[PDB]
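There is one chain below, alone, in structure tokens, taken in the form deposited in one PDB entry.
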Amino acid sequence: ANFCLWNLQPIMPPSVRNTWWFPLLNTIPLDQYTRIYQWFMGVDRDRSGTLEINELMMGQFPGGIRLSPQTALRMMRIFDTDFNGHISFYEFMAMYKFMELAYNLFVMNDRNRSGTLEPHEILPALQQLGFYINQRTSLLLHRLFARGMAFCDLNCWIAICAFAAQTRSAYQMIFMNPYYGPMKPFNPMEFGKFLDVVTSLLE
């Protein structure tokens, strides 16, 4: 029963191949490729062969996820790895799989089937996903993204997951500066501390 983003067991331009989220693509079995393409086509309202931010805001996603302008921009920042303002099919496959994983995890953690997680339920769920933050940070993420809501509905969960993932992208961008010395092996306990610190900047 594995949801850890750093441990995804296997079941393309350099921009897609050299991202931290590339292993998501390797969890997609052949039969799912065409199903994801049908989903892509649904979201691509102007049939351009690419997803634009407006289309992200109007799309339906796994589990009925929908995206605020802010979360859609996060999804762009994570998955638009050639920085062209468009999501290609390959970038979308990873975005899709990320959403699917996050949705499945939400459902598993919604044990009373309320359609929400309580704020104290957020930490262990994020830990399953590979984000090793502290309790203070977990409760702050709920306040930051819940828009005043008492609990964490699925869309709020995805907003939170998107911020965590975008912070992972920011980490890779920061640390590929050779000023900081050779790239160290990715360590999720150390990255968790980074996410703790960076989250506090949004408050």
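Residues that one form lacks are left out of the comparison. Start at 1 and count along the sequence shown; that's the residue number. Here, rigid core means the biggest group of C-alpha atoms that superpose within 1.5 Å across both forms.
What follows is about the form deposited in another entry, which we do not show.
Asker: Fit the core first: which of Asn177, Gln135, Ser48, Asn26 then shifts its CA by 2 Å or more between this form and the one not shown?
Answerer: Result of the superposition: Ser48 is the only one at 2 Å or more.
Asker: Core aligned, does the CA of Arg35 move at least 2 Å between this form and the one not shown?
Answerer: Yes, because once the rigid core is superposed, the C-alpha of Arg35 moves 2 Å or more between this form and the one not shown.
Asker: Honestly, after the rigid core fit, is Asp80 moving at least 2 Å at Cα between this form and the one not shown?
Answerer: Yes, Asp80 moves 2 Å or more.
Asker: After core superposition, I'd like to know whether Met57 moves between this form and the one not shown (criterion: C-alpha shift of 2 angstroms or more).
Answerer: Yes, the C-alpha moves 2 Å or more.
Asker: Do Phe194 and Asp82 have their C-alpha atoms closer or farther apart in the other form than here, with the shift being 3 angstroms or more?
Answerer: Compared with the shown chain, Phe194-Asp82 is closer in the other form.
Asker: Could you tell me whether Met173 and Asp82 have their C-alpha atoms closer or farther apart in the other form than in the shown form, knowing the shift is 3 angstroms or more?
Answerer: Result: closer.
Asker: Rigid core aligned, which consecutive-residue runs (three or more long, every Cα at least 2 Å shifted) show up between this form and the one not shown?
Answerer: Residues 12 to 18, 35 to 52, 55 to 60, 79 to 89 form the shifted runs.
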